[PDB]
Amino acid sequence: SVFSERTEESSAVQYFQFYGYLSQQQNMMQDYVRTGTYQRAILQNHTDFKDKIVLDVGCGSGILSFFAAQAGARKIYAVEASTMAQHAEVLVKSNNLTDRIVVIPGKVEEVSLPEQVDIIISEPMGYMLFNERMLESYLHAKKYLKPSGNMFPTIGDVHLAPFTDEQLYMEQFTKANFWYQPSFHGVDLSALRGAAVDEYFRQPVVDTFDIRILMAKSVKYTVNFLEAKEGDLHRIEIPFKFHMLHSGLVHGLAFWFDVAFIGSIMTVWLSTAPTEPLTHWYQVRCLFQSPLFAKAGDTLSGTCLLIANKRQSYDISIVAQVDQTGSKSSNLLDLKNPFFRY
């Protein structure tokens, strides 16, 4: 299928084992901002669901299908590839909704649905929006979407901004400097110090932070899910030009994302911005191995390039320069191995 061709079986097994756990479902359901905002988006746009046919891509426990049902959907096909499908089935029976929610086990790329659908709902966002490459499954699912069908969420905005955080930088550097030792119990480790630094700075940092560390207005890159095709996400090129508002060392870029549910009645935003209440997505920071000095009024320009890999993640390349000085930094991050710092 399209899923097995873009995915190592090793990555798929680990991925679906992980989403098989009820503890993991619970962790996500307890994020009140996530769950409450999805509910608000669907219920305040009840006319986008009333008497409609719905597809839920990756329904997990089924929670979004239940929200579609509360909003009056006639029929909801809830597709789920993990063993969580069986738990979803139990809840559909115990909430007396077997007439309206139909769980269909398997990958959305491999199953057959009996009907085209009016609206697709999902939670395909990973860290930094794109991690897990579940957005591809969500877009693939448009093959079941009626002409002029909607998607919830409808659009995703990635935000990037340069930051300064000396303590974060030093934490990671200090960990790599373990490999400087010329005599660790009598053994010289120092030839691996370079590789150790590479490895630590390759890890994106998932945590929150105070917005004061941001040194310029964010740049926005928008994916419109109504119009994008799965192959658009194999290679994502994000040019950026920051107008520096504060002088200081730039230790890297911070990422967060918003999605909008663009309904008939109203548009509801789910934000993971550091100005907004915290979600289980936190925010994400990619450190530069060598920080760049910049003055207020300078321009920091470059490119964030995401290349999809077969481990359901992305190789991240960030090249940035201070235009006024020609000072450049180049970085490769492996979004599959983030450092969870909270």
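Between two forms, the rigid core is the largest collection of C-alphas that superpose within 1.5 Å. Residue numbers run from 1 along the displayed sequence.
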Positional deviation of Cα atoms in 8 other deposited structures of this protein after core superposition, greater for 74 to 82 or 173 to 181: 173 to 181
On a core superposition, give the stretch, 192 to 200 or 259 to 267, with the larger average C-alpha separation from this form in 8 other deposited structures of this protein (RMS over structures and residues). 192 to 200
Can you let me know which of the two, 31 to 39 or 289 to 297, has the higher average C-alpha B-factor in the entry? 289 to 297
Which has higher Cα B-factors on average according to the PDB entry: 72 to 80 or 240 to 248? 240 to 248
Max C-alpha B-factor within the set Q86, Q172, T272, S94 falls on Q172
By the recorded C-alpha temperature factor, relative to the other modelled residues in its chain, which third is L226 in? middle
For the chain shown, is the CA B-factor of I213 in the lowest, middle or highest third of its modelled residues? highest
Would the CA B-factor of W281 place it in the lowest, middle or highest third of its chain? middle
Within this chain's modelled residues, let me know which third the CA B factor of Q116 belongs to: lowest, middle or highest. middle
Using the temperature factors of the C-alpha atoms in this entry, rank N131 within its chain: lowest, middle or highest third. middle
